[PDB]
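**Student:** Have a look at this one.
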Amino acid sequence: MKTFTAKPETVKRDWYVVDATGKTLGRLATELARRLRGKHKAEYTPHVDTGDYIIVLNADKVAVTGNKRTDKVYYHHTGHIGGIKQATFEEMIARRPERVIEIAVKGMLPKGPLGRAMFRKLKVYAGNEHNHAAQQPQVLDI
Amino acid sequence: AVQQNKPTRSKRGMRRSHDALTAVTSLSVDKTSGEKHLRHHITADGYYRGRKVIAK
Amino acid sequence: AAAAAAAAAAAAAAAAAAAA
Amino acid sequence: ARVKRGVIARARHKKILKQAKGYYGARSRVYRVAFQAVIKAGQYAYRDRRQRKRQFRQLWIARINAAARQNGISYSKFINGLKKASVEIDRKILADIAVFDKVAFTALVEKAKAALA
Amino acid sequence: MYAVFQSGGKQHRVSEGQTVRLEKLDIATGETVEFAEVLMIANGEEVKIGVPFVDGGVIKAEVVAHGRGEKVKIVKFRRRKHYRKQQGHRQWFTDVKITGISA
Amino acid sequence: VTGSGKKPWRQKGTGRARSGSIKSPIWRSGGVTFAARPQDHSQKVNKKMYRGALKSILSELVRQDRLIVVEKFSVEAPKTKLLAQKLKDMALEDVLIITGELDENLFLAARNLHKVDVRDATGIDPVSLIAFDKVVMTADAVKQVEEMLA
Amino acid sequence: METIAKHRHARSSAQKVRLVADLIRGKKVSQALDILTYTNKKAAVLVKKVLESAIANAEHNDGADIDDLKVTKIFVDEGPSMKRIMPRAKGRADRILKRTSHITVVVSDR
RNA sequence: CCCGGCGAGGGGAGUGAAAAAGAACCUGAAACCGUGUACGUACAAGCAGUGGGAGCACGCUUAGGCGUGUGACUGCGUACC
RNA sequence: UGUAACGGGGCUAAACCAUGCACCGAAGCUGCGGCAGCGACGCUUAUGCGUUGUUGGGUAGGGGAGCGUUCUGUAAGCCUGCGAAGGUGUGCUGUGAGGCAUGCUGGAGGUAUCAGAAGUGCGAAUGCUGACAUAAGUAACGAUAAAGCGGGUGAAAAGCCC
């Protein structure tokens, strides 16, 4: 009847490192969200923090196929006037490749606080270099 | 205008956050007047740095 | 400790109908 | 034979208000808006009373899923293995026993992978 | 320390020597009632079974009283109507103390 | 009401109250919509229910042996210390002292002590039998009690 | 010591008297008396009189020191409101209150 | 008697069985408004509660993993007539 | 008004069609514990019981059962100053209305049980009265005929007296 529960001292947070080259857009993000949600590990449940750090490599070589290299719309609106700020996969890569992963995870994570804690766990970089190897990411490129 | 709706108690104490008098640490001492006086003004016996201004 | 208080009943209307 | 309406007013109120504590602002203070509150309160209790056995029957399923995933098979394939095993269904709540002993859970897994097979 | 068994409207794991308060079944205060519908053994020695039932073991336990439930207030209410019903329910309970897995 | 019809608004134009009156019953003055007055509270009850009662009630004291026929319980003089001993010596209290017979010193003396009141055979009713449990009557009283009732 | 202090029927705007409890809440005596007399408000010289009287009982009524008195609790409670009327205008009058307080100083031990 | 303006008012001191019985005086609720203590709360949107539920203070749960108070977070949930 | 003619992310199969298998999913259905209504069957007598069937979403509406409050009767009876009612907290309890026990306050009356009668139960009527909020320390402080100084008194003077 009565259960184990999570506590943020009874979940040991972990460093993982995930590919991006052979990986494919939104199908990399479901791997992020998956891990984030704590259904890759022993737990109680998502209902408190279940995040656990995880790091993409590039964000430039994530495949978007031919027909969304063509145009995948991304919308944004600034709440002013006529508004509207529009970018494509492409214009994003111009302008911080990182964003094609931040927007992906955002709408695959609920509301504010626990997605916003669970933004902090995921890191986003452009280029496959490591730059934080010192807090021992352990392989999970797979 | 004429308001609508009843503000909550919270919303009162929230405005009254900013309401209060500045604690100047009013009392102060000169070596010309050891009195316990408000600085940059009268000591209550006319002095300011010494020198009686008062005749009343 | 005297008290005197009445009630009021006079109009606050002055404004005129819309679209007859 | 004038009846003064007991003290029965703010005595039957006195119940509600004491069972209506803990509430931010006038939600508890005011008798009107601590009665249309008390209604809604009970309504939810009664609502969620059944939602208990939903939200747990999500919580369980979730975690049985993760467990088995890491090991071998999927959720679908698993559960249909406690089934195919017979009296050892083990419920869904108590299908999870992996919290303090993963290998306790893992035995069912392996046993069930062969029942399926 | 697991071995689940039919407790009727529920089933329950074994906690060994530690009291459990469960849904009322039957039996007057005092007296032992045994659950030989035990259908898993894995008491930390990792003695798995997968088959229907455990033949030859019981889960023994002593009833240290039974009693009524506790009240929670049942309103069935429909707004815009004229309808409320208030209703009290408090259940009943069997307690076990547990002494089982005895061969 | 001691009020009047004076109207505390001059129709709509203002919204202090929809009431036209200070002779309303919902007012501070009040009025009350179904105000008390003279009302009847007397019931018929047949003469054969009346007798009917005092016959079942009679024949209930008998089954509960508490009906006492003792004679010459009349008192010689106003002095209630004689009407004390009359009950006491026969180990009675809570009495009616009910007889059709006429002794006025007996009616007078019965008035003091509120565990006994003046009762007569011809004056007979239920409630008085029922409360004042011992029931005291002369041989003559019963003989008359028959014709009066049944 | 422990002594209370009330000036009941203080005519004074009560939201304003609340402001000046805070001003010297728990900051010893013998400088908390000085501040009031050299700051703003005539609420200052109304709670001031209550203050030096609380002290004076903490003297004479047991005590002998202002050296070991801290103004532990100081509040002010809403006092009886003085009902009046305002001819507001255009045949409308309103009960207009001369709002009031019970100035309460409570000095204790330091 | 004391503070204060031979103030008001209050505090003491006695009166009294009681003065939270002190004259606005019986008992003095409730709304309303404070003060203290414990706990919570300053990146998070919505009938503000409810189910789950972490952490914390208390009663230690006075051996026991519990109760009381609170409720981060999270699943629900559009007031009443 | 801004994607807003996939819920959204996102997706090139996670789409779409066909087939098949598995699982999820409700207050449904089943399990378990417990309740009540009617019908029936046995036991059995105002009787009431057990057994069993089945039923129990519910406004308008009809019927059927009760609680409580104030009073009168049962009451110079009972309870109570070794502390009633009411107020204010808790535990226990009942299907519920509620009740019961009890701590604190309080300083006196209150009333088992059963029955009788009602000004008999309140959130709503721009209800009514009374109390106190709210906007708020906001608006305004009643003339655009300006006051300023120095004395005086008094505890305190911009406004008063001179």
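Chain lettering (A, B, ...) mirrors the order of the structure tokens, residue numbering begins at 1 for each chain separately, and ligand numbering begins at 1 in order of display.
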Using only C-alpha atoms (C1' of nucleotides), which residues sit within 7 Å of residue 37 of chain E once same-chain residues fewer than 2 positions away are excluded, as an NGL selection string?
**Tutor:** :E and (5-6 or 35 or 39 or 53)
**Student:** Would you kindly return, as a list in words, each protein, DNA or RNA residue with an atom no farther than 8 Å from any atom of residue 101 of chain A, considering only C-alpha atoms (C1' of nucleotides) and excluding same-chain residues fewer than 6 positions away?
**Tutor:**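 Listed by chain and then number, they are residues 29, 59 and 124 of chain A.
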**Student:** Would you give me, as a list in words, the residues in chain A that DSSP reads as strand (DSSP E or B)?
**Tutor:**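 Answer for chain A restricted to strand (DSSP E or B) is residues 16, 17, 24, 54, 55, 63, 74, 75, 76, 85, 86, 87, 122, 123, 138 and 139 of chain A.
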**Student:** Generate the output file for the selected residues, N, CA, C and O atoms, as a PDB file, in the first residue's frame.
**Tutor:**
ATOM      1  N   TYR A  16      25.658  12.654 -17.584  1.00  0.00           N
ATOM      2  CA  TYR A  16      25.592  11.855 -18.750  1.00  0.00           C
ATOM      3  C   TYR A  16      25.929  12.750 -19.928  1.00  0.00           C
ATOM      4  O   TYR A  16      26.000  13.957 -19.735  1.00  0.00           O
ATOM      5  N   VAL A  17      26.240  12.084 -21.072  1.00  0.00           N
ATOM      6  CA  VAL A  17      26.673  12.768 -22.187  1.00  0.00           C
ATOM      7  C   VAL A  17      26.063  12.031 -23.340  1.00  0.00           C
ATOM      8  O   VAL A  17      26.253  10.831 -23.527  1.00  0.00           O
ATOM      9  N   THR A  24      18.884  12.742 -34.539  1.00  0.00           N
ATOM     10  CA  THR A  24      17.913  13.270 -35.388  1.00  0.00           C
ATOM     11  C   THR A  24      17.040  13.941 -34.418  1.00  0.00           C
ATOM     12  O   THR A  24      16.904  13.483 -33.288  1.00  0.00           O
ATOM     13  N   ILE A  54      22.823  15.954 -18.187  1.00  0.00           N
ATOM     14  CA  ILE A  54      22.974  15.228 -19.454  1.00  0.00           C
ATOM     15  C   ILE A  54      23.316  16.321 -20.476  1.00  0.00           C
ATOM     16  O   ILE A  54      22.854  17.454 -20.330  1.00  0.00           O
ATOM     17  N   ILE A  55      24.210  15.981 -21.462  1.00  0.00           N
ATOM     18  CA  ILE A  55      24.872  17.002 -22.221  1.00  0.00           C
ATOM     19  C   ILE A  55      24.865  16.532 -23.626  1.00  0.00           C
ATOM     20  O   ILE A  55      25.383  15.500 -23.982  1.00  0.00           O
ATOM     21  N   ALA A  63      20.410  16.094 -37.578  1.00  0.00           N
ATOM     22  CA  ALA A  63      19.750  15.952 -38.858  1.00  0.00           C
ATOM     23  C   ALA A  63      18.367  16.511 -38.747  1.00  0.00           C
ATOM     24  O   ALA A  63      17.704  16.614 -37.706  1.00  0.00           O
ATOM     25  N   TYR A  74       9.703  28.367 -37.006  1.00  0.00           N
ATOM     26  CA  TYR A  74       9.810  28.492 -35.591  1.00  0.00           C
ATOM     27  C   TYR A  74       9.303  29.823 -35.489  1.00  0.00           C
ATOM     28  O   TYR A  74       9.734  30.744 -36.182  1.00  0.00           O
ATOM     29  N   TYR A  75       8.374  29.981 -34.541  1.00  0.00           N
ATOM     30  CA  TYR A  75       7.677  31.115 -34.339  1.00  0.00           C
ATOM     31  C   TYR A  75       8.084  31.628 -32.949  1.00  0.00           C
ATOM     32  O   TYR A  75       8.704  30.904 -32.125  1.00  0.00           O
ATOM     33  N   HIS A  76       7.812  32.990 -32.800  1.00  0.00           N
ATOM     34  CA  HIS A  76       8.078  33.636 -31.601  1.00  0.00           C
ATOM     35  C   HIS A  76       7.425  34.929 -31.874  1.00  0.00           C
ATOM     36  O   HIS A  76       7.204  35.350 -33.011  1.00  0.00           O
ATOM     37  N   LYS A  85       8.724  37.246 -34.798  1.00  0.00           N
ATOM     38  CA  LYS A  85      10.130  36.979 -35.008  1.00  0.00           C
ATOM     39  C   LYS A  85      10.082  35.521 -35.487  1.00  0.00           C
ATOM     40  O   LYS A  85       9.462  34.721 -34.807  1.00  0.00           O
ATOM     41  N   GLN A  86      10.661  35.298 -36.647  1.00  0.00           N
ATOM     42  CA  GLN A  86      10.498  34.103 -37.361  1.00  0.00           C
ATOM     43  C   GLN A  86      11.949  33.754 -37.688  1.00  0.00           C
ATOM     44  O   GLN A  86      12.773  34.619 -38.020  1.00  0.00           O
ATOM     45  N   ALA A  87      12.228  32.478 -37.575  1.00  0.00           N
ATOM     46  CA  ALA A  87      13.490  31.771 -37.865  1.00  0.00           C
ATOM     47  C   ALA A  87      13.149  30.375 -38.212  1.00  0.00           C
ATOM     48  O   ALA A  87      12.054  29.816 -38.012  1.00  0.00           O
ATOM     49  N   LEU A 122      19.926  19.788 -18.322  1.00  0.00           N
ATOM     50  CA  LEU A 122      20.373  19.663 -19.669  1.00  0.00           C
ATOM     51  C   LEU A 122      21.272  20.876 -19.981  1.00  0.00           C
ATOM     52  O   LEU A 122      21.036  21.943 -19.474  1.00  0.00           O
ATOM     53  N   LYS A 123      22.407  20.642 -20.769  1.00  0.00           N
ATOM     54  CA  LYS A 123      23.235  21.722 -21.187  1.00  0.00           C
ATOM     55  C   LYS A 123      23.262  21.535 -22.665  1.00  0.00           C
ATOM     56  O   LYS A 123      22.897  20.523 -23.240  1.00  0.00           O
ATOM     57  N   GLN A 138      29.915  10.587 -17.724  1.00  0.00           N
ATOM     58  CA  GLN A 138      30.078   9.171 -18.023  1.00  0.00           C
ATOM     59  C   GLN A 138      29.183   8.816 -19.122  1.00  0.00           C
ATOM     60  O   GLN A 138      28.042   9.190 -19.243  1.00  0.00           O
ATOM     61  N   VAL A 139      29.830   8.133 -20.133  1.00  0.00           N
ATOM     62  CA  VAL A 139      29.372   7.869 -21.460  1.00  0.00           C
ATOM     63  C   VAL A 139      28.021   7.261 -21.545  1.00  0.00           C
ATOM     64  O   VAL A 139      27.553   6.582 -20.640  1.00  0.00           O
TER      65      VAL A 139
END
**Student:** Between atom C1' of residue 13 of chain I and atom CA of residue 66 of chain A, what is the distance in Å, rounded to a tenth?
**Tutor:** 14.9 Å
**Student:** Hey, what does DSSP flag as helix (DSSP H, G or I) within segment 5-35 of chain A? Can you give it to me as a ChimeraX atom specification?
**Tutor:** /A:29-35
**Student:** Extract, using only C-alpha atoms (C1' of nucleotides), all DNA, RNA and protein residues at most 8 Å from residue 6 of chain A, discarding same-chain residues fewer than 4 positions from it, and format them as a PDB file with N, CA, C and O atoms (P, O5', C5', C4', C3', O3' and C1' of nucleotides), in the first residue's frame.
**Tutor:**
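out_18.pdb was written with the following content:
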ATOM      1  N   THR A  10      17.776  11.430  -1.913  1.00  0.00           N
ATOM      2  CA  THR A  10      17.635   9.936  -2.051  1.00  0.00           C
ATOM      3  C   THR A  10      17.722   9.673  -3.640  1.00  0.00           C
ATOM      4  O   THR A  10      17.733   8.519  -4.067  1.00  0.00           O
ATOM      5  N   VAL A  11      17.875  10.728  -4.431  1.00  0.00           N
ATOM      6  CA  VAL A  11      18.232  10.646  -5.807  1.00  0.00           C
ATOM      7  C   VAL A  11      19.557  11.314  -5.890  1.00  0.00           C
ATOM      8  O   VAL A  11      19.685  12.523  -5.652  1.00  0.00           O
ATOM      9  N   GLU A  43      13.208   4.797  -9.565  1.00  0.00           N
ATOM     10  CA  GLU A  43      12.760   5.971  -8.848  1.00  0.00           C
ATOM     11  C   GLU A  43      11.394   5.583  -8.276  1.00  0.00           C
ATOM     12  O   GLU A  43      11.045   4.413  -8.107  1.00  0.00           O
ATOM     13  N   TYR A  44      10.715   6.630  -7.800  1.00  0.00           N
ATOM     14  CA  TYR A  44       9.415   6.666  -7.434  1.00  0.00           C
ATOM     15  C   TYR A  44       8.803   7.194  -8.650  1.00  0.00           C
ATOM     16  O   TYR A  44       8.445   6.375  -9.529  1.00  0.00           O
ATOM     17  N   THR A  45       8.684   8.510  -8.748  1.00  0.00           N
ATOM     18  CA  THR A  45       7.953   9.101  -9.902  1.00  0.00           C
ATOM     19  C   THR A  45       8.419  10.554 -10.074  1.00  0.00           C
ATOM     20  O   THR A  45       8.776  11.186  -9.081  1.00  0.00           O
ATOM     21  N   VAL A  48       8.426  15.411  -8.142  1.00  0.00           N
ATOM     22  CA  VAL A  48       9.426  16.248  -7.589  1.00  0.00           C
ATOM     23  C   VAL A  48      10.411  15.972  -8.622  1.00  0.00           C
ATOM     24  O   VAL A  48      10.206  15.286  -9.643  1.00  0.00           O
TER      25      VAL A  48
ATOM     26  P     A H  54       6.425  12.352   1.620  1.00  0.00           P
ATOM     27  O5'   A H  54       7.688  13.273   1.529  1.00  0.00           O
ATOM     28  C5'   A H  54       8.763  12.906   0.622  1.00  0.00           C
ATOM     29  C4'   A H  54       9.657  14.139   0.406  1.00  0.00           C
ATOM     30  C3'   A H  54      10.137  14.847   1.660  1.00  0.00           C
ATOM     31  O3'   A H  54      11.208  14.127   2.218  1.00  0.00           O
ATOM     32  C1'   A H  54       9.438  16.413   0.081  1.00  0.00           C
TER      33        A H  54
END
**Student:** Can you pull out every residue within 10 Å of residue 125 of chain A, counting only C-alpha atoms (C1' of nucleotides), but drop anything in the same chain fewer than 3 positions away, and send it as a PyMOL selection string?
**Tutor:** chain A and resi 55-60+96-99+101+128-131
**Student:** Where does chain G meet chain H within 6 Å, residue by residue, with the nearest atom pair and distance in Å to one decimal for each, counting only C-alpha atoms (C1' of nucleotides), listed by chain and rising number, as a Markdown table?
**Tutor:**
| residue | atom | partner | partner_atom | distance |
| --- | --- | --- | --- | --- |
| G:6 | CA | H:10 | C1' | 5.4 |
| G:7 | CA | H:9 | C1' | 5.5 |
| G:53 | CA | H:3 | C1' | 4.6 |
**Student:** Can you check which parts of chain D lie within 12 Å of chain B? Per residue, the shortest pair of atoms and distance in Å to one decimal, counting only C-alpha atoms, sorted by chain and number, as a tab-separated table.
**Tutor:**
residue	atom	partner	partner_atom	distance
D:24	CA	B:10	CA	10.2
D:25	CA	B:8	CA	7.5
D:26	CA	B:8	CA	8.1
D:27	CA	B:8	CA	10.9
D:29	CA	B:9	CA	11.9
**Student:** May I ask for the distance between atom CA of residue 80 of chain G and atom CA of residue 98 of chain G, given in Å to one decimal place?
**Tutor:** 9.2 Å
**Student:** Would you mind listing, as a PDB file with N, CA, C and O atoms, in the first residue's frame, all residues of chain D that have at least one atom within 9 Å of chain A, where only C-alpha atoms are what counts?
**Tutor:**
ATOM      1  N   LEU D  59       1.172   6.102 -11.738  1.00  0.00           N
ATOM      2  CA  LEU D  59       2.471   6.061 -11.006  1.00  0.00           C
ATOM      3  C   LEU D  59       3.151   4.729 -10.996  1.00  0.00           C
ATOM      4  O   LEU D  59       4.325   4.601 -11.369  1.00  0.00           O
ATOM      5  N   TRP D  60       2.363   3.678 -10.623  1.00  0.00           N
ATOM      6  CA  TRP D  60       2.783   2.271 -10.736  1.00  0.00           C
ATOM      7  C   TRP D  60       3.234   1.919 -12.078  1.00  0.00           C
ATOM      8  O   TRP D  60       4.357   1.567 -12.279  1.00  0.00           O
ATOM      9  N   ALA D  62       4.028   3.543 -14.847  1.00  0.00           N
ATOM     10  CA  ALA D  62       5.203   4.293 -15.079  1.00  0.00           C
ATOM     11  C   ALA D  62       6.461   3.595 -14.657  1.00  0.00           C
ATOM     12  O   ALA D  62       7.456   3.524 -15.406  1.00  0.00           O
ATOM     13  N   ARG D  63       6.414   2.977 -13.449  1.00  0.00           N
ATOM     14  CA  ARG D  63       7.674   2.734 -12.833  1.00  0.00           C
ATOM     15  C   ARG D  63       8.024   1.333 -13.034  1.00  0.00           C
ATOM     16  O   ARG D  63       9.203   1.015 -13.289  1.00  0.00           O
ATOM     17  N   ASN D  65       7.399   0.258 -15.825  1.00  0.00           N
ATOM     18  CA  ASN D  65       7.852   0.440 -17.165  1.00  0.00           C
ATOM     19  C   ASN D  65       9.305   0.710 -17.175  1.00  0.00           C
ATOM     20  O   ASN D  65      10.070  -0.004 -17.778  1.00  0.00           O
ATOM     21  N   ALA D  66       9.769   1.769 -16.508  1.00  0.00           N
ATOM     22  CA  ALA D  66      11.159   2.030 -16.396  1.00  0.00           C
ATOM     23  C   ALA D  66      12.001   0.886 -15.995  1.00  0.00           C
ATOM     24  O   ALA D  66      13.083   0.781 -16.656  1.00  0.00           O
ATOM     25  N   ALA D  67      11.539   0.030 -15.021  1.00  0.00           N
ATOM     26  CA  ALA D  67      12.281  -0.989 -14.394  1.00  0.00           C
ATOM     27  C   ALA D  67      12.666  -1.975 -15.503  1.00  0.00           C
ATOM     28  O   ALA D  67      13.820  -2.047 -15.891  1.00  0.00           O
ATOM     29  N   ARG D  69      12.284  -1.824 -18.602  1.00  0.00           N
ATOM     30  CA  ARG D  69      12.887  -1.246 -19.853  1.00  0.00           C
ATOM     31  C   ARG D  69      14.403  -1.517 -19.889  1.00  0.00           C
ATOM     32  O   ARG D  69      14.858  -2.070 -20.874  1.00  0.00           O
ATOM     33  N   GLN D  70      15.070  -1.089 -18.784  1.00  0.00           N
ATOM     34  CA  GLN D  70      16.463  -1.219 -18.388  1.00  0.00           C
ATOM     35  C   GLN D  70      16.895  -2.611 -18.388  1.00  0.00           C
ATOM     36  O   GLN D  70      17.985  -3.007 -18.690  1.00  0.00           O
ATOM     37  N   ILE D  93       0.677  -2.192  -8.104  1.00  0.00           N
ATOM     38  CA  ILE D  93       1.312  -1.552  -6.932  1.00  0.00           C
ATOM     39  C   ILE D  93       2.459  -2.445  -6.331  1.00  0.00           C
ATOM     40  O   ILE D  93       3.517  -1.902  -6.079  1.00  0.00           O
ATOM     41  N   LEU D  94       2.171  -3.718  -6.224  1.00  0.00           N
ATOM     42  CA  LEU D  94       3.018  -4.643  -5.513  1.00  0.00           C
ATOM     43  C   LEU D  94       3.637  -5.478  -6.643  1.00  0.00           C
ATOM     44  O   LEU D  94       4.415  -6.390  -6.376  1.00  0.00           O
ATOM     45  N   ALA D  98      10.698  -3.101  -6.569  1.00  0.00           N
ATOM     46  CA  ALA D  98      12.075  -2.912  -7.069  1.00  0.00           C
ATOM     47  C   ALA D  98      12.726  -1.799  -6.346  1.00  0.00           C
ATOM     48  O   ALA D  98      13.928  -1.529  -6.648  1.00  0.00           O
ATOM     49  N   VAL D  99      11.996  -1.007  -5.479  1.00  0.00           N
ATOM     50  CA  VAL D  99      12.476   0.119  -4.798  1.00  0.00           C
ATOM     51  C   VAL D  99      13.643  -0.215  -3.814  1.00  0.00           C
ATOM     52  O   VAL D  99      14.577   0.544  -3.772  1.00  0.00           O
ATOM     53  N   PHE D 100      13.569  -1.326  -3.048  1.00  0.00           N
ATOM     54  CA  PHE D 100      14.556  -1.618  -2.056  1.00  0.00           C
ATOM     55  C   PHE D 100      15.245  -2.889  -2.488  1.00  0.00           C
ATOM     56  O   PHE D 100      16.157  -3.265  -1.742  1.00  0.00           O
ATOM     57  N   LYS D 102      15.947  -4.287  -6.431  1.00  0.00           N
ATOM     58  CA  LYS D 102      15.806  -4.406  -7.861  1.00  0.00           C
ATOM     59  C   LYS D 102      15.768  -5.828  -8.327  1.00  0.00           C
ATOM     60  O   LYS D 102      14.951  -6.083  -9.246  1.00  0.00           O
TER      61      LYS D 102
END
**Student:** What is the atom CA of residue 44 of chain D to atom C1' of residue 77 of chain H distance in Å?
**Tutor:**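 Atom-to-atom, atom CA of residue 44 of chain D and atom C1' of residue 77 of chain H are spaced 7.4 Å apart.
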**Student:** With a cut-off of 10 Å, could you pull out the residues of chain H touching chain D and give me the nearest pair of atoms for each, distance in Å to one decimal, using only C-alpha atoms (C1' of nucleotides), ordered by chain and ascending number, as a tab-separated table?
**Tutor:**
residue	atom	partner	partner_atom	distance
H:29	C1'	D:10	CA	8.8
H:30	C1'	D:10	CA	8.0
H:31	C1'	D:30	CA	8.1
H:47	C1'	D:37	CA	8.8
H:48	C1'	D:24	CA	7.3
H:49	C1'	D:41	CA	6.0
H:50	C1'	D:44	CA	5.2
H:51	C1'	D:48	CA	5.4
H:52	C1'	D:52	CA	7.8
H:69	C1'	D:22	CA	9.9
H:70	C1'	D:22	CA	8.8
H:71	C1'	D:22	CA	9.5
H:75	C1'	D:55	CA	6.8
H:76	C1'	D:48	CA	7.3
H:77	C1'	D:44	CA	7.4
H:79	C1'	D:36	CA	7.1
H:80	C1'	D:36	CA	5.6
**Student:** Would you kindly report the residues of chain E within 9 Å of chain D, using only C-alpha atoms, as a PyMOL selection string?
**Tutor:** chain E and resi 2+4-5+10-13+39-40+42+44+46+48-53+72-77
**Student:** Write the selection just made, keeping N, CA and C atoms, as a short mmCIF file (atom, residue, chain, number, x, y, z; two decimals), in the first residue's frame?
**Tutor:**
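And here's again27.cif as it stands now:
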data_model
loop_
_atom_site.label_atom_id
_atom_site.label_comp_id
_atom_site.auth_asym_id
_atom_site.auth_seq_id
_atom_site.Cartn_x
_atom_site.Cartn_y
_atom_site.Cartn_z
N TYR E 2 9.75 -10.17 0.84
CA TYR E 2 8.57 -10.13 0.03
C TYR E 2 8.07 -11.51 -0.10
N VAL E 4 3.83 -11.89 -1.50
CA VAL E 4 2.53 -11.26 -1.51
C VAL E 4 1.52 -12.38 -1.31
N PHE E 5 0.27 -12.04 -0.95
CA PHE E 5 -0.76 -13.06 -0.67
C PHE E 5 -2.04 -12.34 -0.84
N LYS E 10 -7.64 -6.43 -1.15
CA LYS E 10 -6.30 -6.06 -1.43
C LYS E 10 -5.48 -7.37 -1.53
N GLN E 11 -4.21 -7.22 -1.78
CA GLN E 11 -3.24 -8.23 -1.51
C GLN E 11 -2.23 -7.41 -0.67
N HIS E 12 -1.23 -8.08 -0.05
CA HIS E 12 -0.20 -7.37 0.78
C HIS E 12 0.98 -8.21 0.76
N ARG E 13 2.13 -7.58 0.80
CA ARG E 13 3.56 -8.03 0.92
C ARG E 13 3.68 -8.32 2.36
N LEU E 39 1.69 -16.30 -2.70
CA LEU E 39 1.82 -16.57 -4.10
C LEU E 39 3.07 -15.80 -4.64
N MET E 40 4.12 -15.89 -3.86
CA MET E 40 5.47 -15.39 -4.20
C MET E 40 6.23 -15.68 -2.98
N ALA E 42 10.38 -14.73 -1.65
CA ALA E 42 11.60 -13.93 -1.97
C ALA E 42 11.83 -13.14 -0.73
N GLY E 44 14.57 -12.28 0.84
CA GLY E 44 15.89 -11.70 0.89
C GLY E 44 16.91 -12.68 0.49
N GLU E 46 16.39 -14.60 -2.02
CA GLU E 46 16.21 -14.42 -3.42
C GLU E 46 15.74 -15.73 -3.99
N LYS E 48 13.14 -17.04 -5.66
CA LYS E 48 12.09 -16.74 -6.63
C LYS E 48 11.14 -17.82 -6.86
N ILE E 49 9.78 -17.49 -7.11
CA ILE E 49 8.97 -18.53 -7.70
C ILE E 49 8.20 -17.74 -8.69
N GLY E 50 7.61 -18.44 -9.70
CA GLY E 50 6.78 -17.81 -10.73
C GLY E 50 5.46 -18.45 -10.89
N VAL E 51 5.21 -19.52 -10.21
CA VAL E 51 4.11 -20.40 -10.47
C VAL E 51 2.96 -20.01 -9.67
N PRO E 52 1.73 -20.44 -9.93
CA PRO E 52 0.58 -20.16 -9.09
C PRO E 52 0.70 -20.67 -7.70
N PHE E 53 0.44 -19.81 -6.73
CA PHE E 53 0.57 -20.19 -5.35
C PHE E 53 1.82 -20.80 -4.82
N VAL E 72 -14.80 10.55 6.74
CA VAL E 72 -14.56 11.57 5.81
C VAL E 72 -15.85 11.89 5.08
N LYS E 73 -16.08 13.16 4.80
CA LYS E 73 -17.43 13.68 4.60
C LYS E 73 -17.73 13.63 3.17
N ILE E 74 -18.79 12.88 2.78
CA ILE E 74 -19.19 12.57 1.38
C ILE E 74 -20.31 13.55 0.96
N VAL E 75 -19.96 14.46 0.12
CA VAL E 75 -20.94 15.36 -0.47
C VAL E 75 -20.96 14.96 -1.93
N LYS E 76 -22.18 14.77 -2.40
CA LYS E 76 -22.44 14.67 -3.80
C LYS E 76 -23.25 15.89 -4.14
N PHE E 77 -22.69 16.77 -4.99
CA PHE E 77 -23.18 18.09 -5.16
C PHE E 77 -23.08 18.43 -6.63
#
